[PDB]
Amino acid sequence: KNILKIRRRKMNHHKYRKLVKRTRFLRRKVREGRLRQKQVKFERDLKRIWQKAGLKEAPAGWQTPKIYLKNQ
Amino acid sequence: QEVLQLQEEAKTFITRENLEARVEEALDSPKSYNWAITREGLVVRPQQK
Amino acid sequence: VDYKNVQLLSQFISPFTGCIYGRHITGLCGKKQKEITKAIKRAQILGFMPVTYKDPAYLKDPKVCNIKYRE
Amino acid sequence: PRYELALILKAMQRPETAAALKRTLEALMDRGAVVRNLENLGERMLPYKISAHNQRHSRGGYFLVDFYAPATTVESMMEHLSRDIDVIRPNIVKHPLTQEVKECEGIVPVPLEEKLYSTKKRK
Amino acid sequence: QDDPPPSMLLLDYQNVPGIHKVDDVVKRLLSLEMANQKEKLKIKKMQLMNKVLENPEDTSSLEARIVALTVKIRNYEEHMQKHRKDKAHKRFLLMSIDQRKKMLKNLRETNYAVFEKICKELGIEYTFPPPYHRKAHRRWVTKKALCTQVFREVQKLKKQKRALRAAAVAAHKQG
RNA sequence: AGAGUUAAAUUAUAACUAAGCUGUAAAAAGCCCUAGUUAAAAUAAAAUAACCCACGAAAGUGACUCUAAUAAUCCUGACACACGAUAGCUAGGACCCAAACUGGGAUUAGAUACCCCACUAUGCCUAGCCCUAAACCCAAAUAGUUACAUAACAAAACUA
Ligand SMILES: [Mg+2]
Ligand SMILES: [Mg+2]
Ligand SMILES: [Mg+2]
Ligand SMILES: [Mg+2]
Ligand SMILES: [Mg+2]
Ligand SMILES: [Mg+2]
Ligand SMILES: [Mg+2]
Ligand SMILES: [Mg+2]
Ligand SMILES: [Mg+2]
Ligand SMILES: [Mg+2]
Ligand SMILES: [Mg+2]
Ligand SMILES: [Mg+2]
Ligand SMILES: [Mg+2]
Ligand SMILES: [Mg+2]
Ligand SMILES: [Mg+2]
Ligand SMILES: [Mg+2]
Ligand SMILES: [Mg+2]
Ligand SMILES: [Mg+2]
Ligand SMILES: [Mg+2]
Ligand SMILES: [Mg+2]
Ligand SMILES: [Mg+2]
Ligand SMILES: [Mg+2]
Ligand SMILES: [Mg+2]
Ligand SMILES: [Mg+2]
Ligand SMILES: [Mg+2]
Ligand SMILES: [Mg+2]
Ligand SMILES: [Mg+2]
Ligand SMILES: [Mg+2]
Ligand SMILES: [Mg+2]
Ligand SMILES: [Mg+2]
Ligand SMILES: [Mg+2]
């Protein structure tokens, strides 16, 4: 009966958790790896604007904070 | 009607002086609430002493 | 029903236990059962009435409830 | 009457008793209370033995104080009662006579519930 | 803040005959002094509906309900001050602040002048519901902040580059 | 949601008394700073009433008392707003009892389990998060009707 659907899920979940334990630190890399792409693409997004709006420098008092890498 | 009830009880209240009376009276006359029931709905209050 | 007359509340309590009889014993309306129950609990915490036995004074009083213990 | 004060007091002789009650109602009349009445319910042996102020008591005197007081106050009086050395247990209840009697018209008899299960010609 | 004075004689006793001759004890018993809070809220209700309204009698009046609701809100706010952890009552308050806004939108559509005067009296302000409810998140708030400042700059630069042209062409026209 | 309170039970810790006490299908290990009795705070959890069916939007809520208190003259409505069992995370307290983990003991071919014994994170409070459930009554909201009508089963069928 419908348990037979749940069994599949139950297994697929278990078999996933196990995986994410072994793979943990590999995972941890690739997460942060993409956060450093994010923050960069983000930056370029704004850089694009100065250069598109004709300004040479980034406007006064702009440090362009890091949102994605926010921790603690 | 309410206001007049309270007007009536205002004579019977305990005030700073009557403490000396009231307290001395409270000890003199113990009162019971103890109260019972009968299967017919009737009450039997405490037996006469 | 007042929490003050412990005799009354004693009438609805099991003598040996200190139990509170259910409707199916006491035979009361809903509101009167509830009333009695709350009243009792009050009488217990304030300590006009004890918890684990029916006060002996009141064992000899009229019995309301339908229980037969001794056969 | 608005509030009700159940005083269980250490059983003493008469003078000491009088003192205790007097100062109690003084405290109340100071927090803003109007005292209606004082009902001595006697000295009884307590239903069970009560431990307060490092004394374990068997008997006690019983008192009932009806009074009107402002909402804000009740805490204050409770505190000053708990502090007291001869109160063997305090309490304050909304006076029973504010609560209404809504007439039990009687038992409204409950009929058996029907149309729970579908009509099925089973077996 | 308003203050329904301690002696104010609870509402239901206000208009009955022969009150002021009565001795100070009973007056003290029927005062706001010995009252529940509900009573004080009946008073606040009365006073507010007198100051603000037109016809004290109409309950169904859109105005009336706005005033009443506002009284209860003001109460939930104090109850909010004293209990900050109470989620239930926070819910009530925030539903109610809203419903009041609903009926205010009704007044603003239907009877304008009246709506206006109520907003004046009760200190309620009507902020039109802004289109597009979108959760502003860090990335967006930041990118907008930047853009806003880029604008604020390019109009400055345009201003100066045209200002030196104004100065040059005027200094050539003068001599 | 606050603030105050405790009846039963349990535990420290003393006074006696006996050597055992605990524990299972049967045992073992375990403890004799143990056990029975008599005293007794804290902490935690709330017999009976309940054969009741109330209160909350839902989660949830049933020891006692007082304070505050339960939106809308009441239609539907989100990716917006505010909440959201357990477990979990952060800091500080608490610690009777329970208890993942773990260490003993049995059982077993094996036994990383079911049974036994200890003991921990943790359940508890205050403040902040996390936002998941067989979060299910698997039955959307608001007005209706019992006409028409049986796929099956289950809680009977349908309009707008
Ligand atoms: Mg699979
Ligand atoms: Mg990736
Ligand atoms: Mg059938
Ligand atoms: Mg708290
Ligand atoms: Mg105890
Ligand atoms: Mg013991
Ligand atoms: Mg012990
Ligand atoms: Mg056995
Ligand atoms: Mg051995
Ligand atoms: Mg039960
Ligand atoms: Mg239930
Ligand atoms: Mg209220
Ligand atoms: Mg409602
Ligand atoms: Mg709606
Ligand atoms: Mg949660
Ligand atoms: Mg937790
Ligand atoms: Mg622990
Ligand atoms: Mg301890
Ligand atoms: Mg343990
Ligand atoms: Mg093992
Ligand atoms: Mg085998
Ligand atoms: Mg087995
Ligand atoms: Mg331990
Ligand atoms: Mg909890
Ligand atoms: Mg559930
Ligand atoms: Mg279910
Ligand atoms: Mg679902
Ligand atoms: Mg819906
Ligand atoms: Mg609704
Ligand atoms: Mg029809
Ligand atoms: Mg068939």
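Residues numbered from 1 in each chain as written, not as in the entry; some residues may be left out. Chains lettered and ligands numbered in written order. Part of a larger assembly, values for the part shown. Heavy atoms only, no water.

This entry lists cryo-EM as its structure determination method and reports a resolution of 3.60 Å.

What follows covers the interface of chain D and chain B. Of the residues lining the interface, 21 residues belong to chain D; the matching set on chain B comes to 18 residues. Counting each side, the surface lost to burial between chain D and chain B is near 1700 Å², with a carbon and sulfur contribution of 62%. When the buried area of chain D at its contact with chain B is split by residue, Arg14(D), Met29(D) and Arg36(D) rank highest and sum to 32% of it. Summed over the shared surface of chain D and chain B, the result is five salt bridges. Across the pair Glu39(D) and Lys31(B) runs a salt bridge whose closest N-O atoms are separated by 3.1 Å. (Contact = heavy atoms within 4.5 Å. Buried area = accessible area lost by both parts, 1.4 Å probe. Salt bridge = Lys/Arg side-chain N within 4 Å of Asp/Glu carboxyl O.)

Attention now moves to the sheet that holds strand β2 (residues 34-52) of chain D. Residue and element names in this part refer to chain D. The sheet built from four strands is open, its strands ordered β2-β3-β1-β4 with antiparallel pairing. The open sheet is flanked by β2 and β4 (87-94), the only strands paired with a single partner. On average, each strand axis in the sheet is inclined to that of its neighbour by 20 degrees, with strand direction left out of account. Pairing of strand β1 (residues 3-9) with strand β3 (residues 55-68), which is carried by seven bridges, proceeds in the antiparallel orientation. Looking across to β3, one finds that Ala6 is bridged to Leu64. (Pairing = 2+ DSSP bridges. Helix = DSSP H or I, 4+ residues; strand = E, 2+ residues; numbered from the N terminus. Axes fitted to C-alpha atoms, helices over the stretch in contact; angles between N-to-C directions.)

Let's shift gears to the protein's contact with RNA strand F. The environment of RNA strand F is formed by 60 residues, the closest being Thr37(C), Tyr3(D), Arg122(D), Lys72(E) and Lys87(E). Backbone atoms, meaning sugar and phosphate, form 77% of the atoms of RNA strand F found within 4 Å of the protein. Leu116(D) is positioned such that a nitrogen or oxygen atom in its backbone is 3.4 Å from a phosphate oxygen of RNA strand F. A distance of 3.3 Å is found between a sugar or linking oxygen of RNA strand F and a side-chain nitrogen or oxygen belonging to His83(E). Those elements that place two or more of their residues in the surface near RNA strand F are α2 (23-26) and α3 (30-45) of chain C, β2 and β4 of chain D together with α2 (37-52), α3 (62-82) and α4 (87-109) of chain E. If one sorts the elements of the surface near RNA strand F by residue count, α4(E) sits on top with 10 residues. (Near = heavy atom within 4 Å. Polar contact = N/O pair within 3.5 Å; in protein donor to acceptor, adjacent residues only side chain to side chain.)

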